[PDB]
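First comes the structure, then the notes that go with it.
Rule-based calculations on the coordinates, nothing more; no lab input. In this analysis, Cβ positions are derived from the backbone assuming ideal geometry, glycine residues included, and neighbour counts consider all displayed protein chains.
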Amino acid sequence: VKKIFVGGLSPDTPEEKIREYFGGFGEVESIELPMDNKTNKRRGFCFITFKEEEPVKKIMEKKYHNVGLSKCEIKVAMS
DNA sequence: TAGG
């Protein structure tokens, strides 16, 4: 498996760029930006799985990430 | 920064 846990994202990052940024990274598997309209916790972050393990191999090495407008700390994600 |  290969996932990257992005930490600290804008008020609503569009998986679309995340798809480009990370897509351009390589083969993105999926992008899940969790949002709570009931309490809006401080999770304000996004998860990204790569079909491949390269974007993942590099992502984890990247202290911080910048997606279009959003910029969050990506540490290999865990599901 | 932690979804589901």
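Can you give me the three principal axis dimensions of chain A from its C-alpha atoms, in Å, biggest first?
Cα extents, longest axis first: 35, 24, 21 Å.
Kindly count the pairs of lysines across chain A whose alpha carbons are less than 18 Å apart, treating pairs on different chains or eight or more residues apart as eligible.
27
Once you keep just the Cα pairs under 8 angstrom separated by 6 or more residues, what percentage relative contact order results for chain A?
45
Apply the Karplus curve 6.51 cos²θ - 1.76 cosθ + 1.60, θ = phi - 60°, to the phi angles in the stretch A:29-45 and return the couplings in whole Hz, x for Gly and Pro.
Along the stretch A:29-45, the couplings run 8, 6, 10, 10, 9, x, 9, 10, 7, 7, 10, 6, 3, 8, 6, x, 7 Hz.
Within the stretch A:1-62, which trypsin sites (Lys or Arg not before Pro) sit in a loop by DSSP and count at most 11 neighbouring Cβ atoms inside 10 Å?
Within the stretch A:1-62, the qualifying trypsin sites (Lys or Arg not before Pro) (loop, at most 11 other Cβ atoms within 10 Å) are A:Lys38, A:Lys41, A:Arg42.
If you rank A:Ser70, A:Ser79, A:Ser30 by fewest surrounding Cβ atoms within 10 Å, what's the result?
If I rank by nearby Cβ atoms, fewest first, I get A:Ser79, A:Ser30, A:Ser70.
Taking the Cα centre of chain A as the origin, how large is its charge dipole in debye, to the nearest 20, when only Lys and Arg (+1) and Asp and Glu (-1) carry charge on their Cβ atoms?
380
Which far-off residues, 5 or more places away or on another chain, put their amide H under 5 Å from the one on A:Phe47, with H placed in the peptide plane?
A:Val6, A:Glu32, A:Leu33
Along the charge dipole of chain A, Cβ charges K/R +1 and D/E -1, which of A:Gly23, A:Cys72, A:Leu33 sits furthest on the positive end?
So the residue furthest toward the plus end is A:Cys72.
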